[PDB]
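J.: Let me begin by handing over the structure; questions about it come next.
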Ligand SMILES: CC(C)(O)CCOc1cc(Cl)cc(-c2cc(-c3c[nH]c(=O)[nH]c3=O)cn(-c3cccnc3)c2=O)c1
Ligand SMILES: CC(C)(O)CCOc1cc(Cl)cc(-c2cc(-c3c[nH]c(=O)[nH]c3=O)cn(-c3cccnc3)c2=O)c1
């Protein structure tokens, strides 16, 4: 019993974190086999930088990579989109089985926050519909990575910058930003966000699995009638694919997806009336259906 | 910016988790140097067991310890309070610098949930005033450990059982239960719980550090007048030691502890009136002052 915002065990990623210094700028890098990945803005000093120019002016010896108390030698350097790739002379002996994946909004992942190549903590978050994440990051955290584990680590996020609202923007491990953001200091704000409906429904199923039933009712709704209410409350539309994804949870609890939608409609219209669900006073949308099944099963 | 329920990086503990099987019972063990620690109820089959008797009847060969895909040989076995200590023939080469600590209620720690010796996820929780924890644990999780890191891992919790309310009870790593619980199936319920006042105040300071100020006011209260309101709302008394502990956060924000207490009093008396703090609709009490400073600094 119980339901917690649970991260993946971080050991396999801890063994990959390094420090990358370029001049007076230090941030984190990800060391896999004989390559170190880090945000390319480590080469900046930049309202509007030309990274091609900045990199032409660098030599391998301008890059100091530290793995623990050991200096790695840079033997090559290239740029892929917004990531710098530093070839080093020694392969990381702790490289896990891994792949790089670009996630869809609404998907969750674990973040290993690091400073100076040293992991500080681990937490769970979601890619918001507006392609920001609500992380916890201070100066020096750039290059910290987000990931899921399946013995295979799927890296999906590298941290690059904090937006003015205090939310966070970054890239896949090929250097492509999530969202419309660019790695320079200019006026860029997150778009308006929405709530991840399928995740809220997943979390209500988690609550039932854990004995919270007070929000259930005998009514059902049509997908169309539900999505009409969703839009009024700034929730993402629910698709038939979402319904199918919730299938296993609907079967384990015996509550049809469209029956749970009638619960969610009631909750949106009347609030909780002073009650809580899994210890929360608001509707939680950063657990995926997969997250529920993993933790409740 | 941002504030998240953050766990310690789990790698140093992952390397210590093993599987302990005794007959048809399998649970998790903690392998440090040449000893494996696990809950002694692994030797049970038990409304009222006599563990001294059950252990006399065992031999080393009745204990199957598996570290990954390798069998460790048990060469000795003893019982300390409610923990079994299994001496094995090979020292764990991944043993971190570590110590065993018994924490006070209100302190937080990271849990590495494991099944069959294999880590499943990591989350943060607190020792509640009634000496239970609100964890996330399924059958087979017994022997999962709680810990803090300082390069030294301080183990503070080993999981033993789930209570009927869905909360969790266990021991320090010397086998002494937190709280009045015993490791057998009998009628034992958690005592009435209370809210950890100093932690709620810590979390309000975190909110100010992150730009939530709407709950602040110009008033101050006396420690005595505050504790009068605390008791009415089932909050732990605030002591001068708590006030002193909050010193650094009070200094960084320039808000006197007793000024923040007047905020907390208002919040207890009038609620949030539909507003949120650090993304929560209720007052959070599972961050210590130390947790705030670590994450905000
Ligand atoms: C355009 C916009 C988005 O509106 C305003 C911000 O614009 C940028 C653009 C770029 Cl290209 C980098 C950064 C940035 C740089 C650094 C950094 C600089 N120099 C170092 O030695 N080390 C660092 O870690 C840190 N953090 C940051 C701060 C807090 C949380 N997360 C990230 C940053 O956010 C910001
Ligand atoms: C007296 C009281 C507290 O009121 C009722 C419960 O009483 C006990 C007493 C003891 Cl001594 C053990 C357990 C228990 C045993 C096991 C277990 C048994 N056999 C195995 O092969 N493996 C196991 O993992 C598991 N979980 C458990 C379940 C869910 C979450 N956390 C723990 C358990 O809670 C419960």
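Chain A uses Swiss-Prot numbers throughout; the residues present, in order, are 3264-3308, 3312-3416, 3418-3564.
Per the header: X-ray crystallography, 1.8 Å.
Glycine is treated like the rest: Cβ placed from N, Cα and C.
Per Swiss-Prot, active site, for 3CL-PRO activity is recorded for A:3304, and the stated evidence type is sequence analysis. Look at Swiss-Prot and you will find A:3408 tagged as active site, nucleophile, backed by experimental evidence. Taken from Swiss-Prot, the feature ubiquitin cross-link applies to A:3268, A:3353.
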J.: Cα-Cα distance in Å from residue A:3308 to residue A:3312, with 3 residues unmodelled between them?
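T.: On either side of the break, the Cα atoms lie 6 Å apart.
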J.: Hey, does DSSP put residue A:3353 (ubiquitin cross-link) in a helix, a strand, or just coil?
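T.: For residue A:3353 (ubiquitin cross-link) - judged by DSSP and reduced to three states - the answer is strand.
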J.: For residue A:3304 (active site, for 3CL-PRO activity), which of the recorded positions A:3268, A:3353, A:3408 has the nearest Cα in space?
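T.: Of all the candidates listed, A:3408 is nearest in space.
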J.: Taking each of the recorded positions A:3268, A:3304, A:3353 in turn and counting other Cβ atoms within 10 Å of its Cβ, which one has the fewest?
T.: A:3353
J.: Using Cβ atoms and a cut-off of under 8 Å, determine which of the recorded positions A:3268, A:3304, A:3353, A:3408 neighbour chain B, and list them by sequence position, or give 'none'.
T.: A:3268
J.: Which of the three DSSP-derived classes (helix, strand, coil) applies to residue A:3268 (ubiquitin cross-link)?
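T.: The residue in question, residue A:3268 (ubiquitin cross-link), is coil (DSSP, three-state).
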J.: In sequence order, which same-chain residues at least six apart have a C-beta under 8 angstroms from residue A:3408 (active site, nucleophile)?
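T.: Listed in sequence order, they are A:3290, A:3291, A:3301, A:3302, A:3304, A:3305, A:3426, A:3427, A:3428.
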J.: Please report how many Å separate the Cα atom of residue A:3268 (ubiquitin cross-link) from that of residue A:3353 (ubiquitin cross-link), as a whole number.
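T.: Taking the Cα atoms only, residue A:3268 (ubiquitin cross-link) lies 36 Å from residue A:3353 (ubiquitin cross-link).
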J.: Look up residue A:3408 (active site, nucleophile) in the DSSP assignment and reduce it to helix, strand or coil.
T.: coil
J.: Give the helix, strand or coil assignment DSSP yields for residue A:3304 (active site, for 3CL-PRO activity).
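T.: Residue A:3304 (active site, for 3CL-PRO activity) sits in a helix per DSSP.
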